[PDB]
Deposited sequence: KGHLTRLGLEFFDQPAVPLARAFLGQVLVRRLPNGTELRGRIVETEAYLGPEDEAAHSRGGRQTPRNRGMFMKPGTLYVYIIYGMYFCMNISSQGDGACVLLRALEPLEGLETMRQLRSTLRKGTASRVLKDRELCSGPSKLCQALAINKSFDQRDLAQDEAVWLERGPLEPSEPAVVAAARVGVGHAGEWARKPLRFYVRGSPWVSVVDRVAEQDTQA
């Protein structure tokens, strides 16, 4: 572990699909103002191909003030507000307009602070409820629009770390993305990836699992 050991920019410079899959198993680290560090192992991701992808904010190569991050160098964060109250953390991948979306993390360190963050934002929250969602994880790790357009490879507040080796590569399920019905043909492209059997994924795809 350690900031010094964060994945560099040669890691993020890959096409959306390979990048999205390569993210699985890595560890997202967040350093809080009090110095505490929050860690979550990435278990769910989504690829957004860009220009072509009709689900991507960059369909038609349309670059707007909001999505600049997607057109910035790989590793560039793109955090946007959805439903006027939630955040979505994306990492720009190779290809102007392409990026990866984080949908779920396996809480590894700072669970209480995450619980605190998620609860304040009754009924007590269980760990399964901390980062099991694109917007849940953003609240749990105190990620917001202020992180938009920063560099995941060079930032003192957030970085990615190599996950542990693992004596059997994790089985990955490729499924349709969540909440992209408005994308016609692209709505069903298997551009969503997660760790098979993981109890931290936000949405399972029984069908996709038996494919």
| query | finding |
| --- | --- |
| Ranges missing from the model, given as deposited sequence positions | 122 to 126, 217 to 219 |
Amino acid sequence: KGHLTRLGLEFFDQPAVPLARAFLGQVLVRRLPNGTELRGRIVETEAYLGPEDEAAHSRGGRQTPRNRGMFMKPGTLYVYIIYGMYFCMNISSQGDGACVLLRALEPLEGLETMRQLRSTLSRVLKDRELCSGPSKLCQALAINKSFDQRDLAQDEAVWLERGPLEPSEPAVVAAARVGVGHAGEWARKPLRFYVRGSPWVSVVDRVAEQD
From here on, numbers count along this sequence of modelled residues.
property: Unmodelled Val158 in at least one third of other entries with both flanks present; result: no
property: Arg118: gap in at least one third of other compared structures; result: no
property: Between the two ranges 161 to 169 and 140 to 148, the one averaging a larger CA B factor in the entry; result: 161 to 169
property: Residue stretch of maximal mean CA temperature factor, 108 to 116 vs 87 to 95; result: 108 to 116
property: Residue selected from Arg30, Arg68, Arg59, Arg177 by maximal Cα B factor; result: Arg59
property: Chain thirds of CA B-factor: placement of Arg192; result: middle
property: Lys73, C-alpha B-factor rank within chain (lowest, middle or highest third); result: middle
property: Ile42 - which third its CA temperature factor falls in, relative to the rest of the chain; result: lowest
property: Chain third (lowest, middle, highest) by recorded CA B-factor, residue given as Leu130; result: middle
